[PDB]
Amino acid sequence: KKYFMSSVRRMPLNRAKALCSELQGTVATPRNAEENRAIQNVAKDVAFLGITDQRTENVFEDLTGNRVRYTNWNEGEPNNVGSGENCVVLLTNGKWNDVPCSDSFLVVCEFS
């Protein structure tokens, strides 16, 4: 099964990726609501998910460039505000928000 673990510190997505890969894992990418809730259980605050629309705007893929199916966007999201929001975080209510990849949040890693 997949196991999820949350970081203690906040960091931008690239450092988040590096953290998870250090232990040979990836940044958590929920494929359904059960997994979304399992990530909620470990995330004590807003945290990064392994999803971005960095390739093509409004097309969300996991970190391996694989287009995602399941989404749980917060109302009004994704909205790509300002200079752009191409990363995704799981809010404390379990819904997602697109955010700048350079902003810092906790990170949930996934292993299997």
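From 1 onward, residues are counted along the sequence shown. Whichever C-alpha set is largest while still superposing within 1.5 Å between the two forms counts as the rigid core.
Student: Which of these two stretches, 55-63 or 69-77, has the larger RMS Cα offset in 9 other deposited structures of this protein when the rigid core is kept aligned?
Tutor: Checking 55-63 against 69-77 in 9 other deposited structures of this protein, I find the farther stretch is 55-63.
Student: Going by the mean C-alpha B-factor recorded in the entry, which is higher: 76-84 or 29-37?
Tutor: Stretch with the greater average CA B-factor: 76-84.
Student: Mean C-alpha B factor from the entry: is it higher for 101-109 or for 2-10?
Tutor: Averaged over C-alpha atoms, the B-factors run higher in 2-10.
Student: Using the temperature factors of the C-alpha atoms in this entry, rank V68 within its chain: lowest, middle or highest third.
Tutor: Highest third, going by the recorded CA B-factors of the chain.
Student: Tell me, lowest, middle or highest third: where does the Cα B factor of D53 rank within its chain?
Tutor: Ranked within chain, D53 CA B lands in the middle tercile.
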